[PDB]
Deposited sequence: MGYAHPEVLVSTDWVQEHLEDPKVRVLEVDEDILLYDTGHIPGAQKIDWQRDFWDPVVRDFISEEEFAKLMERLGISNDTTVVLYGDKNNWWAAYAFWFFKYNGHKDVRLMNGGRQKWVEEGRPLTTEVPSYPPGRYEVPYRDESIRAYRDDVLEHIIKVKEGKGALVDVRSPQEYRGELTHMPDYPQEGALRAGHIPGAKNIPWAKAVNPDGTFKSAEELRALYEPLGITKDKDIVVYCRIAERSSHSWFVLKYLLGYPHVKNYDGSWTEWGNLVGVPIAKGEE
């Protein structure tokens, strides 16, 4: 089975923990207005750009700001945070990554996302919770899961020595250089293409550990290597990062948040086109 099934909860699990004092459910959607129309009872809304991004520079909010957000959401350090959203949990996986970047110990993703909960006809409400402030100590960012532009060159070499791998989760067209825009098209040299959606079933749930392994192992993307995953922006590569590190247990996996919007616009950086 999965390496970390404990970080994946079912819709049944969530419905039976709607009143757990140690549980805080958050809906994280690409469509920041969807929550307003109806959500899981007791769930709170995360507006990604406004809540996780600095208002002026391209970077996430500070550790201090993260702690204030948590308290406002009634979340404490020992809180079991449960995430779900639209698009096969695309954005919810992003929130998962960000929570882990801030070191939150107990974060879980609802298998199937908003899609499955709605399809099953489980409780929905437009009523928004009013939880008492949480107690969240200032976290320490975990750099082992975030990759930066100045780490790529040395990674590109690691990919050649068979010590690392690059996972491009974009469409094959973008991957090949036929391509959140950029002045250049192609992929980071050495990267392999595994479109993110290949990890999920039509109903929004994740594929089996076996089916997932089959997406990466045959392409040389193995646990013994340091992995770097990217898309156009971090928000879209977090899903595959989650699949590799948590569902498949890869110990070294980083999310390159800069992704193509940064790389494809950088001056004088290596770029490969075609297949690899």
Taking the deposited sequence as numbered from 1, list the residue ranges that were left without C-alpha coordinates.
1, 181 to 188
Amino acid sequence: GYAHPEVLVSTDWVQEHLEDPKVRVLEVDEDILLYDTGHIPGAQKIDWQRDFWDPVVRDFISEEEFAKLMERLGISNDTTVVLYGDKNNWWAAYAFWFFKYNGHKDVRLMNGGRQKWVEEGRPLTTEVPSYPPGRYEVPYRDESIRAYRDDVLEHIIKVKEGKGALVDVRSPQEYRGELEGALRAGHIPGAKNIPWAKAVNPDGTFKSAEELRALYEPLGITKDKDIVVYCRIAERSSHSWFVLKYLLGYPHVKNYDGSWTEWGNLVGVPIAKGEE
From here on, numbers count along this sequence of modelled residues.
Segment of higher mean CA temperature factor, 242 to 250 or 58 to 66
58 to 66
Averaged over C-alpha atoms, is the B-factor higher for 156 to 164 or for 202 to 210 in this PDB entry?
156 to 164
Residue set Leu33, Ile46, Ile227, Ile40, per-entry CA B-factor max assigned to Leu33
Using the temperature factors in the entry, find which of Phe99, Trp91, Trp117, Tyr136 has the highest value at its Cα atom.
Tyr136
Chain thirds by Cα B factor, record data; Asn111 belongs to the lowest
Splitting the chain's C-alpha B-factors into thirds, which one does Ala272 fall into?
highest
What third of its chain's C-alpha B-factors does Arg184 belong to: lowest, middle or highest?
highest
Among modelled residues of the same chain, the CA temperature factor third for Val23
lowest
By its CA B factor, does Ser76 count among the lowest, middle or highest third of the modelled residues in the chain?
middle
